[PDB]
Amino acid sequence: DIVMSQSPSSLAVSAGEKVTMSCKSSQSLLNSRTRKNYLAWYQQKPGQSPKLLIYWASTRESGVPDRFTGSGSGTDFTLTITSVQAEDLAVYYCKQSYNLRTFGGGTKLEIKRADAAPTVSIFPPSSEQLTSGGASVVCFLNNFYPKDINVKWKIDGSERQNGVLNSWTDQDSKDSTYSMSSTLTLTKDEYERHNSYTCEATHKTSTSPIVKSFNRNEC
Amino acid sequence: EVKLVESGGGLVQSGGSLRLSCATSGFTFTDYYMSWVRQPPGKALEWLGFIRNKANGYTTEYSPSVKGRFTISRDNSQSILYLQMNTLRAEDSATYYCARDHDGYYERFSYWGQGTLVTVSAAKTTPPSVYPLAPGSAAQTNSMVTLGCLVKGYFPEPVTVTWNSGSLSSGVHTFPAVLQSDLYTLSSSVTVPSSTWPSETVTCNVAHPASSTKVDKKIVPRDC
Ligand SMILES: C=CCO[C@]1(C(=O)O)C[C@@H](O[C@]2(C(=O)O)C[C@@H](O)[C@@H](O)[C@@H]([C@H](O)CO)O2)[C@@H](O)[C@@H]([C@H](O)CO)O1
Ligand SMILES: [Mg+2]
Ligand SMILES: [Mg+2]
Ligand SMILES: [Zn+2]
């Protein structure tokens with residue numbers, strides 16, 4: 001086997017700054033006859049298929065921005081990105097093709113940006129869901145940074161933790177922010193026992209939580 | 001324009017078999033090696049195998065991880081690549097990509113398909129319920145408005161969500177599904193100027209290929 005390892009596993013860089021990442025092969029990838037290193041780099045943006053950036057270690061594929069440079073030889077290789085852009089958010093993989101093919105484990109590149117507070121929206125259960133006996137209350141927390149955030153649900157002023165489902169998006173390729181959805185699911189019967197439904201977001205951008213609420217009796 | 005399009009992904013039980021296909025166009029199929037690569041959700045790419053080009057007798061090689069269990073073949077008349085998978089296991093659940101490989105001058109995977117998702121599970125196919133997310137009747141409406149769709153209780157992945165058939169793409173956040181007792185739920189938000197809704201229609205288009213579900217859900221205001 002040829003074993004491929006990458007580092008770091010992940011890192012975060014601000015726009016305009018330089019990125020360096022490494023790929024190691026357990027044996028030399030340098031072909032004596034052709035005198036090339038059979039090592040390629042791929043970029044895989046969130047939700048996309050992988051794209052080839054560099055092959056033969058240092059040959060930039062046509063169309064690939066000049067800020068991407070591959071270097072190294074033998075068992076050790078480097079991908080350098082200068083003047084990193086928000087759109088460069090992705091997982092980068094190296095791949096050997098000296099003996100069949102093997103991919104490294106990937107390096108996840110995140111983008112650092114200025115802190116931004118979330119925009120919070122709350123939604124009562126729809127009449128179509130209630131008809132079926134269920135009641136989901138949804139809270140969107142959009143376009144914030146950093147990713148770390150705390151959401152609590154208060155029903156009639158009291159915290160509820162059971163029945164919550166949280167999901168974060170990948171970082172945005174354009175504004176480098178995150179978003180999160182939080183869904184509280186109750187039975188129609190439990191929903192109709194209480195009035196006040198509140199989702200409270202605490203984020204480092206403010207010492208006061210962002211609070212969105214509605215009262216069922218006033219829907 | 002070069003085209004690689006995978007098909008055949010879906011739900012299959014442990015022990016079972018599944019054949020994937022990859023239809024190609026925009027290049028001379030026989031001049032190229034073709035590879036299959038997979039990727040379990042949230043994990044690394046894994047090369048599975050290739051089939052060589054015409055000059056190399058269309059011979060095959062496999063990763064040790066799948067050799068003896070997966071078979072690659074190709075239809076040179078139609079320019080279609082196949083992957084036959086047998087004795088499937090949980091670890092085989094993944095997105096499967098076909099990729100144009102070696103042309104003998106170039107070490108590189110130049111073109112990849114969009115991928116097809118295979119889920120190995122005993123759980124049954126369940127279509128999603130799709131619910132509109134409109135501000136409540138105590139919405140103090142302001143400059144911008146955020147609407148959404150809750151896509152609840154389906155299996156297996158994936159679902160696709162668009163807004164106004166694709167016309168609305170900016171200001172959209174589709175949240176990754178999360179699995180809770182054997183069913184997935186996801187949501188999607190869209191943000192638009194208040195002047196445009198509800199004066200103009202906003203509709204989420206949801207599809208769940210495994211159940212052939214197609215849903216258009218119009219977001220209607222709770223007064224209005
Ligand atoms: C070195 C001997 C013969 O190898 C080649 C050649 O032209 O030199 C290349 C071989 O190609 C592969 C392969 O296994 O098919 C794929 C390439 O991506 C690369 O990995 C090379 C590897 O560097 C070679 O050791 O292998 C193959 O075409 C081979 C013929 O099949 C042999 O009869 O010819
Ligand atoms: Mg070895
Ligand atoms: Mg956003
Ligand atoms: Zn109660």
# chains A, B, ... in the order shown; residues from 1 in each chain; ligands from 1

call {"tool": "residues_around", "arguments": {"residues": "residue 111 (chain A)", "least_positions_apart": "6", "cutoff": "12 Å", "atoms": "only C-alpha atoms", "output": "VMD selection string"}}
result
chain A and resid 10 to 19 84 to 91 145 to 147 170 to 178

call {"tool": "residues_around", "arguments": {"residues": "residue 15 (chain B)", "least_positions_apart": "6", "cutoff": "12 Å", "atoms": "only C-alpha atoms", "output": "MDAnalysis selection string"}}
result
chainID B and resid 69 85:92 120:122

call {"tool": "residues_near_ligand", "arguments": {"ligand": "ligand 1", "cutoff": "7 Å", "atoms": "only C-alpha atoms and all ligand atoms", "output": "list in words"}}
result
residues 31, 97, 98, 99 and 100 of chain A; 52, 56, 102, 104 and 107 of chain B

call {"tool": "residues_near_ligand", "arguments": {"ligand": "ligand 2", "cutoff": "10 Å", "atoms": "only C-alpha atoms and all ligand atoms", "output": "NGL selection string"}}
result
:A and (1-3 or 26-27 or 99)

call {"tool": "residues_around", "arguments": {"residues": "residue 99 (chain B)", "least_positions_apart": "3", "cutoff": "12 Å", "atoms": "only C-alpha atoms", "output": "ChimeraX atom specification"}}
result
/A:49-52 /B:2-6,21-24,29,32-38,47-51,80-82,96,102,108-115

call {"tool": "interface_residues", "arguments": {"of": "chain A", "to": "chain B", "cutoff": "6 Å", "atoms": "only C-alpha atoms", "output": "number ranges by chain"}}
result
A: 49, 105, 123, 169, 219

call {"tool": "atom_distance", "arguments": {"atom1": "CA of residue 96 (chain A)", "atom2": "CA of residue 48 (chain A)"}}
result
21.3 Å

call {"tool": "residues_near_ligand", "arguments": {"ligand": "ligand 4", "cutoff": "10 Å", "atoms": "only C-alpha atoms and all ligand atoms", "output": "PyMOL selection string"}}
result
chain A and resi 155-156+158+160+186+189-195

call {"tool": "residues_around", "arguments": {"residues": "region 159-161 of chain B", "least_positions_apart": "4", "cutoff": "8 Å", "atoms": "only C-alpha atoms", "output": "compact mmCIF listing (two decimals) with C-alpha atoms, in the first residue's frame"}}
result
# COMPACT_ATOMS: atom_id res chain seq x y z
CA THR B 174 -30.64 24.82 3.34
CA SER B 188 -34.57 25.65 4.37
CA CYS B 204 -40.43 25.94 -2.05
CA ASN B 205 -39.91 23.07 -4.45
CA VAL B 206 -39.05 19.82 -2.63
CA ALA B 207 -38.15 16.48 -4.20
CA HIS B 208 -37.43 13.12 -2.56
CA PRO B 209 -36.21 10.83 -5.32

call {"tool": "select_by_dssp", "arguments": {"residues": "region 107-213 of chain B", "states": "strand (DSSP E or B)", "output": "MDAnalysis selection string"}}
result
chainID B and resid 111:112 116:120 126 129:133 144:155 160:163 168 172:174 178:180 183:193 203:208 213

call {"tool": "select_by_dssp", "arguments": {"residues": "region 3-208 of chain A", "states": "helix (DSSP H, G or I)", "output": "PyMOL selection string"}}
result
chain A and resi 86-88+127-131+188-191

call {"tool": "atom_distance", "arguments": {"atom1": "CA of residue 168 (chain B)", "atom2": "CA of residue 201 (chain A)"}}
result
27.3 Å

call {"tool": "residues_around", "arguments": {"residues": "residue 105 (chain B)", "least_positions_apart": "4", "cutoff": "12 Å", "atoms": "only C-alpha atoms", "output": "list in words"}}
result
residues 34, 36, 55 and 56 of chain A; 31, 32, 33 and 101 of chain B

call {"tool": "closest_residue", "arguments": {"among": "B:169, B:195, B:181, B:164", "to": "ligand 3", "atoms": "only C-alpha atoms and all ligand atoms"}}
result
B:169

call {"tool": "residues_around", "arguments": {"residues": "residue 212 (chain A)", "least_positions_apart": "4", "cutoff": "8 Å", "atoms": "only C-alpha atoms", "output": "ChimeraX atom specification"}}
result
/A:120-122,198-200

call {"tool": "write_last_selection", "arguments": {"atoms": "C-alpha atoms", "output": "CSV table (one decimal), in the first residue's frame"}}
result
chain,number,residue,atom,x,y,z
A,120,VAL,CA,-33.1,35.3,14.5
A,121,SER,CA,-36.6,34.3,13.2
A,122,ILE,CA,-39.2,32.2,14.9
A,198,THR,CA,-39.4,31.5,22.9
A,199,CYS,CA,-36.1,30.8,21.3
A,200,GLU,CA,-33.1,32.7,22.9

call {"tool": "atom_distance", "arguments": {"atom1": "CA of residue 164 (chain A)", "atom2": "CA of residue 183 (chain A)"}}
result
5.6 Å

call {"tool": "decode", "arguments": {"residues": "region 144-157 of chain B", "atoms": "C-alpha atoms", "output": "compact mmCIF listing (two decimals), in the first residue's frame"}}
result
# COMPACT_ATOMS: atom_id res chain seq x y z
CA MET B 144 -36.52 42.04 5.17
CA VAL B 145 -38.59 38.91 5.72
CA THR B 146 -37.41 35.35 6.24
CA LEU B 147 -39.59 32.44 5.14
CA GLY B 148 -38.94 28.70 5.16
CA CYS B 149 -39.95 25.09 4.56
CA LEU B 150 -39.65 22.25 7.05
CA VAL B 151 -39.01 18.91 5.36
CA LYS B 152 -39.83 16.39 8.04
CA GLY B 153 -39.73 12.65 8.58
CA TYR B 154 -38.23 11.15 5.42
CA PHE B 155 -35.86 8.29 4.59
CA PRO B 156 -33.35 7.77 3.01
CA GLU B 157 -31.42 10.85 2.01
